[PDB]
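Okay, structure first, notes after.
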Amino acid sequence: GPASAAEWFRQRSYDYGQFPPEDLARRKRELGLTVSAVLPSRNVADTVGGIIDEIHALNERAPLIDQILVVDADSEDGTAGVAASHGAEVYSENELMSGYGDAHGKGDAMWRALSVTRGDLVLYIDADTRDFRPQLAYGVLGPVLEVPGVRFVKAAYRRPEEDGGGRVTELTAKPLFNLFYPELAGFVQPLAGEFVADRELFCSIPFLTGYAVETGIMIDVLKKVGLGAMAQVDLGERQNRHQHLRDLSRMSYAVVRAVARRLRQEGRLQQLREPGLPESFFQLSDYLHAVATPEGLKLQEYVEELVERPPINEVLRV
Amino acid sequence: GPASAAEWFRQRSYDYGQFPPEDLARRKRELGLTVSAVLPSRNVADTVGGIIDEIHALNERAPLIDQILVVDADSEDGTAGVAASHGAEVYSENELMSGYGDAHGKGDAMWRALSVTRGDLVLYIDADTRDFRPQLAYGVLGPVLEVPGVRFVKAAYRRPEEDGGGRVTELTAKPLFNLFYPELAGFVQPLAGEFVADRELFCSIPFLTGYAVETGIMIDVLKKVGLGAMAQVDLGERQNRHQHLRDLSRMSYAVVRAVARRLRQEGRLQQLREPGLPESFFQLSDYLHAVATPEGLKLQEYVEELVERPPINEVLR
Ligand SMILES: Nc1nc2c(ncn2[C@@H]2O[C@H](COP(=O)(O)OP(=O)(O)O[C@H]3O[C@H](CO)[C@@H](O)[C@H](O)[C@@H]3O)[C@@H](O)[C@H]2O)c(=O)[nH]1
Ligand SMILES: Nc1nc2c(ncn2[C@@H]2O[C@H](COP(=O)(O)OP(=O)(O)O)[C@@H](O)[C@H]2O)c(=O)[nH]1
Ligand SMILES: [Cl-]
Ligand SMILES: [Cl-]
Ligand SMILES: [Mg+2]
Ligand SMILES: [Mg+2]
């Protein structure tokens, strides 16, 4: 493969500039591949309509996306109606794989989407992007279509001068990756919502639910296809919606848990619970967040079970 | 001890308002204890003066700090001169424990200060605070003085509703503590630079050099004296710096490195290098930071070793 993250970063980082969409459209036509775009959507009424439009506008210049799926979290904001009125196929995350009960977050929606994706290639895109430029859809298709061994491509980009990701990327994922999965240290936006791979690949790895899904997918793909078969594409600028630091804390915990879970199955981490530690202190699903408030110090408690879905291949009608 | 972070939280969180300085001064005197205040300092000529001044004013009201140590990273802004001019003792981080060579960052300075601290208690204080109110000095002394079994006290506070700390604390320390050291999850500012413990405790644990020092101390104190012997005190509002996110990434890494190390030693973590990963990818002191710029993607590469100084006890006295 590649001797280092440095070597990979050399050979496997592209620019959307290198993949004009008419070329891709042509190449895609030649290969007879179809693409499904999947938009995990939760209260994005104000933005999905615009994204669906832009993908349609792009398909006019260059036929690249055959299916547009909005997988809705039963948003209270009318998201589903909005996406439907703009021409996307819309599904409820709770109606897909209904045998699994209600969806546990973004990861669960993304997994369940596989049950109705018809494309040879599955392309995930975030539904909340404000100013959606067309390369936020087609850029990552470049290397899958054009570079021989590449099976999985993640987006790279910058906040509208040097961007190393949002807070969770910078302070959680990158430090955890550098230490535990150094092979992934080369990725500019390892937690990006926009990335693409063949449907068969996604269908044959498990999916962490909740916010841990990207982290889990990075690790699982790395292990399945190898570093040389992953790539990234600079896509330019991408405005993302800032979250409250306090909520990001919970996301950071999900990323930690995903890494910890994987380390444990590799055997690098054993006896996760330190001996001598009374069981009462031990409950992974129980996140304690101590804060200071105008009226005193408080201990907030969040409970999120780390639910993991099996490779959908194993659980879905063949 | 306590049965959960929640029980600890109710029993070992206080408000500085519970500890009027004049009462602290009385108890300190009855117990014959002395307090050393260490200010690890690098380029803070603009703020040390104020801090030192506040401490001296506090002591007039209530004699609480017996020694003020500015341990200076040989700043070029004249930190040393200001501190000296304002009445504080001044030391070069490089001259203390010089057998270990020049100093590896903030932790090293804090460790080396243990060789010149005369107090029974040692109070570390950040020297870059813009608006130093009295309770930043005395608040954390409350529980060590007043609650016999308490040996270690961390500050708690909030920026100018709910505040769960700075970016590194929220996105790195607290996630990691919740998973691997649940006993520390009740701390509001576990990475706070204001904390106090008895000299003997500090002299009995190792100190990570650099940015990981607070994380290491939290963990090693926890293992050494137990969660019951730790406390926090609400000091009110403290204004915070806006370090750059790109710099904070290296800091988060140090924090992760520190936890990982402790996990290796406990046996929880082994074969840290994936069994099948070429040594070309394996260099813990080598942090790869991939970034996007106007000119394209760049892979930045920082280096900082993790250095652990042993307990000063093993080298001294
Ligand atoms: N169907 C569904 N969609 C969801 C859910 N939660 C979030 N989404 C959608 O998934 C997209 C991104 O989720 P964000 O909550 O906006 O994530 P982020 O703050 O932008 O942070 C980033 O890092 C995460 C780490 O994994 C990523 O998951 C995420 O994609 C994003 O890149 C958005 O379109 C959002 O509506 C859910 O529970 N169900
Ligand atoms: N003596 C010494 N002091 C330092 C060093 N680095 C930081 N400090 C001081 O430690 C305090 C906090 O520094 P810093 O780590 O930047 O604070 P933070 O970014 O808010 O966590 C300040 O008073 C700094 O001047 C160092 O290498 N040597
Ligand atoms: Cl787990
Ligand atoms: Cl769980
Ligand atoms: Mg977003
Ligand atoms: Mg817990």
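Labels below follow one simple rule: chain letters A, B, ... track the order of the sequence lines, proteins then strands, and each chain is numbered from 1.
- Among residues two or more places apart in sequence or in another chain, the side chain to side chain donor-acceptor pair (under 3.5 Å) test is passed with A/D247 by A/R250.
- Taking B/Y253 as the reference, B/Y287 meet the ring-ring contact (aromatic ring centres under 6.0 Å, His included) condition, with sequence neighbours excluded.
- When every heavy atom of A/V38 is checked against every heavy atom of A/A113, the shortest pair comes out as CG1-CB, 3.5 Å.
- Note on A/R10 versus A/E7: no salt bridge recorded, every NZ/NE/NH1/NH2 to OD/OE distance being 4.0 Å or above.
- The side chain to side chain donor-acceptor pair (under 3.5 Å) test applied to A/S252 returns A/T172, not counting sequence neighbours.
- Here A/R309 pairs with A/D108 under the salt bridge (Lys or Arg N to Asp or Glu O under 4.0 Å) rule; sequence neighbours left out.
- For the residue pair A/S285 and A/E305, no side-chain donor N or O sits within less than 3.5 Å of a side-chain acceptor on the partner.
- Put simply, the side chain of A/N43 never gets that close to the backbone of A/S75: no donor and acceptor are under 3.5 Å apart.
- A salt bridge links A/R26 with A/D23: at least one charged nitrogen is closer than 4.0 Å to a carboxylate oxygen.
- By the salt bridge (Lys or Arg N to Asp or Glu O under 4.0 Å) test, A/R118 pairs with A/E89, sequence neighbours left out.
- The two residues B/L288 and A/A5 make their nearest non-hydrogen contact at CD1-CB, 4.1 Å.
- Nearest heavy atom pair, residue A/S41 against residue A/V48, reads OG-CG1, 3.7 Å.
- Residue pairs meeting the salt bridge (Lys or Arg N to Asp or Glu O under 4.0 Å) criterion with at least one member in residues 132-143 of chain A: none, sequence neighbours excluded.
- In this structure, B/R268 forms a cation-pi arrangement with B/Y181, its terminal cationic atom sitting closer than 6.0 Å to the ring centre and no more than 45° off the ring axis.
- One finds no salt bridge joining A/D128 and A/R42 here, because no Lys/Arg side-chain nitrogen approaches an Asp/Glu carboxylate oxygen to under 4.0 Å.
- Under the 3.5 Å distance criterion, with hydrogens and angles disregarded, a donor-acceptor pair is assigned to the side chains of A/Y302 and A/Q300.
- A/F202 meets the ring-ring contact (aromatic ring centres under 6.0 Å, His included) test with A/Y124, A/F195; sequence neighbours excluded.
- A salt bridge links A/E308 with A/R262: at least one charged nitrogen is closer than 4.0 Å to a carboxylate oxygen.
- Each of A/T169, A/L171, A/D163 was checked for a side chain to side chain contact (heavy atoms under 4.5 Å, CB included) with B/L245, and the lone residue meeting it is A/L171.
- A/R167 pairs by the salt bridge (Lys or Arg N to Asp or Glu O under 4.0 Å) definition with nothing, not counting sequence neighbours.
- From A/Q67, atom CD reaches atom OG1 of A/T34 across 8.5 Å, with rounding to the nearest 0.5 Å.
- No hydrogens or angles considered: nothing links the side chains of A/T293 and B/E162 as a donor-acceptor pair under 3.5 Å.
- Contacts of A/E194 classified as side chain to side chain donor-acceptor pair (under 3.5 Å), with partners at least two apart in sequence or in another chain: A/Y157.
- Listed by first and then second residue, the ring pair (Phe, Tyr, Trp, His ring centres under 6.0 Å) pairs involving residues 12-71 of chain A are A/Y14-A/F19 (not counting sequence neighbours).
- For A/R273, the side chain to side chain donor-acceptor pair (under 3.5 Å) partners two or more places apart in sequence, or in a different chain, are A/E279.
- When all heavy atoms are compared, the tightest approach of A/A258 to A/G216 is CB-N, 4.5 Å.
- For the pair A/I52 and A/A88, the tightest heavy-atom approach, listed with the atom from each and the gap, is CD1-CB, 3.6 Å.
- Taking every heavy atom of both residues into account, B/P175 and B/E170 meet most closely at CD-O, 3.1 Å.
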Output a table of donor-acceptor pairs, distance under 3.5 Å, between side-chain atoms of residues 143-154 of chain A and any protein atom two or more places apart or on a different chain; print 'none' if there are none.
| from | atom 1 | to | atom 2 | distance (Å) |
| --- | --- | --- | --- | --- |
| A/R151 | NH2 | A/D198 | OD2 | 2.9 |
| A/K154 | NZ | A/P190 | O | 3.2 |
| A/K154 | NZ | A/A192 | O | 3.2 |

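- Rounding to the nearest 0.5 Å gives a distance of 10.5 Å between OG1 of A/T47 and CZ of A/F132.
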